[PDB]
Every structure is written in structure tokens, then in C-alpha cells.
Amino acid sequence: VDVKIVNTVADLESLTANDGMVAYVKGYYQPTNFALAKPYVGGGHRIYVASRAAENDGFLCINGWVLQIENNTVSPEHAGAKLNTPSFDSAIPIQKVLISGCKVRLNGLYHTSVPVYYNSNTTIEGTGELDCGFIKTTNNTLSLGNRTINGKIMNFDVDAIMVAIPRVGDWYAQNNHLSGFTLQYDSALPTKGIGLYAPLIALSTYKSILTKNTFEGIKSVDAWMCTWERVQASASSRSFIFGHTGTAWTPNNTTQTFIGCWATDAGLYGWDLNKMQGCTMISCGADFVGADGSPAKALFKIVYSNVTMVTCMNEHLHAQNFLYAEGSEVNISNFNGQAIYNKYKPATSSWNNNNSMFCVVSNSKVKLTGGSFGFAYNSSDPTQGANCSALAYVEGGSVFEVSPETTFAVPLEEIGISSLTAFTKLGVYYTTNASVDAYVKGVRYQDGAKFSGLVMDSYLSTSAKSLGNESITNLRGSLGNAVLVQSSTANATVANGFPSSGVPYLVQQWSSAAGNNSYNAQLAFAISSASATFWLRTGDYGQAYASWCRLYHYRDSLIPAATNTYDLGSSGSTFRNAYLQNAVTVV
């Protein structure tokens, strides 16, 4: 007995067959374009199972004829999809193969009028993102209704292209391995939806997946142990959303890795991350987030998360914040950020809504380890200087660290404590309940409870601060304990607080602490070519400096500061003897 030829699966119904007969189906449908290189698709061998003659699911069993699957791999064509045929709705055939338990190969573009879903242990593989994937032509949803999962009412009937749904009885859509295809809406649709709605996912790999022409690219609530490699989310509003708060399920995430992923076009947030724990981004990028005159809120919104960004990038950013960090630890190492137009302000500012590139709030920790940040504007810009952002606002127990090798397209301007939430210079502003360790203009500034002291069993060598035309009387606010040098005899003047003009000085200043009020002392060395005079003075807290006091020593006469004022000894504390070469001169 020999293998019988059948033109299409539709021809199987009428065929006369004995149990166990084998047929070769040329294609699922008759080709409509015989000029194609690949006209016959979706066919293959079938074996007749007489006991199932009444069954017809349009795919694995058609009138008893069971599809012979090679190495457990099928394509949507085998269930009746059509390739690169925009007028044909492939939704039903795609859905059948996605839940078949087979590996699914995507071999062109398939058009769909409803979302398609996958569950667990599903491998889907196309050959690349230009030519393989799903094009959704409507805003229609699934029609599955509510399900209760771990006591939470969940619903998957959203306007999306693809949806991840746990198996019945499970909590996560897990052990899935998707690669090499695109998810897009028909660009003509006036309203777009979600690319991939994957609320509850785990233990999965996503590679070389492109979603574009979406409102929201990739959207999840609770994801754990997933890797994302070369995933691009192009969206009009938010590209990547993790920890979505809009369901009954409590957001939480762990161990998400993103390698070579790409956020583009988002007008609200590039990345919207909530409860993202153990998250690493490696050589990721973000292009064209926000637009001129229509800023995004932030490139990265990172809330109750801990994230490391390793050699990541952005190009062309119009946003109020570069990073909004709330309750989050973010280590940004060797970033390269370009064309960031930091000219946007909120209508009404507040602790968590302000014009800073790094908005670091509510016990966050943000560190810039090297990197280059192309923030276009500081207050001296001739076109946007009046609109420039701060570099950072740090509040509510947070800490912000900037390495000495981090670079910026234009100079930083200042750093200091601030009670404001609206800024006018490219500076680092922090509250009294915050900590900073930041280089600004080559000077490292450390302040706050995390930086209370430095105790080292080590020797220390430092340089003096070289003074310009400035008063050493008026350094109580700007310097604490510090060594000063005045090497210009023109600037070493009595008007500038020195005991005598016209000679260089080294000055040790002591302080309780630089501040609005302080205790101070100074030791001044008036350094001449082969001699010096030595001077001490003190400043009480809230008082002007007291008069300078010239020290008496054995290589100088003892000349009092005023005549007929000071004594040698007292009646109760005499000097024992006095040895003079000449008799006392009584004036």
C-alpha cells in the first residue's frame, strides 16, 4: 500500500479511507500565487485514525486524519494560517499551534484581529524581526473573562498583541522561550494597545523580539528569573513596564536581566520599574524618548527596586528627569548619554516632582561610576540658561554619589543644602536628611549621616588651598579645618584679615565645622626670606574674631602690643631673677 496524494486538507473530508491509511497533503490551502518560491505551505503527511473520523479541529486531526509532526515542530500554516496576507485573519490557527505543545516556527507575517496567548513550556522561533511575527489589525481583546489565581481576581482581556497566561491552576506563565519575531499594530489604527501583556511570568527567556507601533511595549506585574536579550520596545507612551500596579496582584519582581535591549519613542517613561529586585541592564539603549516641547516625565522611573546599568546609553531625551529613583538602589556605571535637553519644569514642584536630572528620594541610593552625561544646559546657556535643570535633588534619607571621572557636556555649577524643590542651576541640591559624596569642579564634597567621620591608621599629606583676593576673616562659612596659603603679597593685606601686609602666609584654620556660625582658631605664619612672625587668634561662636596675638619666642625681643599695659610677673607670681646686660631703662 502506497502514500496517497491529497491537494488540500479540505479534500480529506470526502476521501474514502481504511484505518491506518497514509496521505501526503500538498498544502493546507490551494496556492493563490503560483509565482511564489514557496507556494505550497501547511501540508504534510497524515494518517487516518478511523476511531476519530468524527473529529475535526482544523489542525492535528481533520476528519480522523492525524498530522504527522516532525520533531514536534509545527508552523501556524499547519493549522490554517496564511503568510503575508493582510486580508486574512490568522488568529485562530496561531492560537491552536501556540497551545499544541509543539515548538512553533514563525515563517512570515501573520495578521490577527484578536490577541494570541501562550501559557508555559512554549518555544516560539522566527528567523528575525523584520519578516516574522504578528500584525494586529484591531483593538479587540481576548474573551476569556476573569480567573481567580491565588485568591486574586485576574483578567487577561486587554487590547494587546500577545498575552502570557498561566496554565489553569498555576500562578505563572513559565518556562517559555521566545525568539526572533515582531509584534506590531497596523500603523493605520488611530489607537494602539500593548505589544506583549505578560502580567505573571517566570523562568523564561525572551530573545530578539521587537514590538513597535504600540502604546505600551512590554507590560508585566510579577516577573522572576527571566532574561531579555535584544528585545526592543517602541511605544508612544511607555516602552517597558514592570511591576504594573493596576491589577489585584501585588507587584514584585526578581532577577530580570536585559542585554542589548532598546527602548524607543516613549512619550511618558522609557522604563517604568516597580519592585524590580536584582535587575541588571547591560549595554542597553534608549532613543527618542520625549519630544521637543512634549517632554517625557522620566527616561527611567525606578521605584522600590535595585538596578545596575552596565555601559548603557541614551540618545535624544526630552524629559523632566533622567532618573526618578524612589526607595531604590541604582548603580549607573560607564553610562554614555547624549543629546539630553534638560530644559523642562513641572507646573507645581514638590519633593517628588522637580526639575532635576537625578531625582533621588525616599531612602534611595544612586551612584554614577564614571560615565559621560550629555546634559545640554547650565545657567549660562545663551538660549535655555533660564530653563536649565539641576543635576540632582537628594532627599528623605537618600544618598547620591558622583565619581571624579564622571563627565558632563557642560560644567556643574554648585552643590549645597537646599529647602527648595525648584532649581535654576545645574547643581547638586540635598536636604538635611540626605547624604552626598560628589565631585563638583574637581572638589569632592561629602556630607550627611552616611559620611560622619574618617578614621585611618594611615599617614596623610595634603596641599594648602591657594587663596585669591579674599579675606581669611570670612572663611568661617566656607571652610572648616583647612590649611590656606596666600602667596601674593598684594593680596596679603590687613583688609583681608592678615596681621601685617606685604608678606606671604601659610595659615592653619581650625573650626567646629563650616557653617553659618562656628568656633574658629587660626595660626598664621608670616613667612619672610629668613624669618617669620607667628600669630594666633580665635573666634567664638556667634562673635567676630578676637585680635591677633604675636607669639613670644627666644629668637625675638618681647615687644608688647601696647605700651604701659602688660606686666612681667605679678605680686603673687614673681619671676625669680632677671639677668640683663644693662640696668633697666625706666621710661
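A residue's number is simply how far along the shown sequence it sits, counting from 1.
Participant: Take the C-alpha B-factors listed in the entry for 327-335 and for 488-496, compute each mean, and give the stretch with the larger one.
Facilitator: In the deposited entry, the stretch with the higher C-alpha B-factor mean is 488-496.
Participant: Which is higher on mean Cα B factor in this entry, 76-84 or 204-212?
Facilitator: The stretch with the larger average C-alpha B-factor is 76-84.
Participant: Just to confirm, going by the entry's C-alpha B-factors, which of 551, 36, 527, 524 comes out highest?
Facilitator: In this record, 36 carries the highest C-alpha B-factor of the candidates.
Participant: Rank-wise, by C-alpha B-factor, drop residue 343 into the lowest, middle or highest third of its chain.
Facilitator: As the PDB entry reports it, the C-alpha B-factor of residue 343 lands in the middle third of its chain.
Participant: Taking the entry's C-alpha B-factors for this chain, is residue 408 in the lowest, middle or highest third?
Facilitator: Middle third.
Participant: Lowest, middle or highest third: which one holds residue 47 when the chain's residues are ordered by CA B-factor from the entry?
Facilitator: Tercile = highest for this residue's CA B-factor.
Participant: State the tercile, meaning the lowest, middle or highest third, of residue 40 with respect to the CA B-factors recorded for its chain.
Facilitator: As the PDB entry reports it, the C-alpha B-factor of residue 40 lands in the highest third of its chain.
Participant: Sorting by Cα B-factor within the chain, modelled residues only, which third would residue 508 end up in: lowest, middle or highest?
Facilitator: Lowest third.
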